[PDB]
Each structure stands twice: as C-alpha cells, then as structure tokens.
Amino acid sequence: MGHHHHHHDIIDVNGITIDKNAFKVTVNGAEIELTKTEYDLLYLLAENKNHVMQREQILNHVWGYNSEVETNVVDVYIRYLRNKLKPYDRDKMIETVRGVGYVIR
C-alpha cells in the first residue's frame, strides 16, 4: 500500500504530480484543474522535462488533433500555464527558449 504506476501512470517532475488516469494535476497535494489543452501542454512538458519542446512539437501533439492554428498559440497558452502555476511557484519550471520552444528545468 503506497504507490502504483500501473493503471495510472503518474508523472512526477520538479514537484509536479500529473495523474494521467484521473486527469488531475497535483503539487504539494494541491489539485490543479487543467483543460483539455492546458493539461496536454503541461503533461507534454513534464514527461519531456529534459527535452526542449519546440512550439510546433507541442502544437503538433496538443493542437495536432484538428485545430489548424499557428504554432505561436502554444506560447500564448504556456503563458496561461505559468499563471496557474504561480501559486505553486511552478511557473518557473517552464523555461522559455526563444525561437525553439519550452522546457522544464
């Protein structure tokens, strides 16, 4: 009785705990509510924490499912992510890479 990776592959990156099966995000036990897009954004960054996520790479995974939007939309939504991560000081986790994308340091 403790933790299980099966049935619910949870991601733990720099204080963040993403529930993939419950679609909930936690830090410090606090439950953050993300959207279909914003959850996909954070999850993408979290799982690929050590990988610099190009805007279009994010754009292609999150928006890649019938959206037809400019990849700069990603930057915009990431900014909103920061806002929601502010109370948890997790906004700093998303490092901006000008011309490339975003990454979790």
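Solution NMR is the method the PDB entry lists for this structure.

Under the PDB entry, the protein has the name Response regulator ArlR and belongs to Staphylococcus aureus subsp. aureus NCTC 8325. The header of this PDB entry states its title as "Solution structure of Staphylococcus aureus response regulator ArlR DNA-binding domain".

Engineer: Please explain the pattern of salt bridges as it appears in this structure.
Structural biologist: Pairing is possible between side chains that carry opposite charge, provided their charged atoms lie close to one another. In this structure the tally under the stated criterion is five salt bridges. Salt-bridge contacts for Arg55 lead to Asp75; the nearest nitrogen and oxygen are separated by 2.7 Å. In this pair, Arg55 sits in helix α2 (residues 55-62) while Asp75 sits in helix α3 (residues 72-85), placing the two residues 20 residues apart along the sequence. Relative accessible area serves as the criterion here: at 24%, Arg55 is assigned to the partly exposed category. Relative accessible area serves as the criterion here: at 12%, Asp75 is assigned to the buried category. Linking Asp89 and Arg90 is a salt bridge whose minimum nitrogen-to-oxygen distance equals 2.6 Å. Its relative accessible area of 43% is what places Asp89 among the partly exposed residues.

What counts as what
Residues numbered from 1 in each chain as written, not as in the entry; some residues may be left out. Heavy atoms only, no water. Salt bridge = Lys/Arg side-chain N within 4 Å of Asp/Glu carboxyl O. Helix = DSSP H or I, 4+ residues; strand = E, 2+ residues; numbered from the N terminus. Buried < 20%, exposed > 50% of the residue type's maximum accessible area, 1.4 Å probe, protein only.

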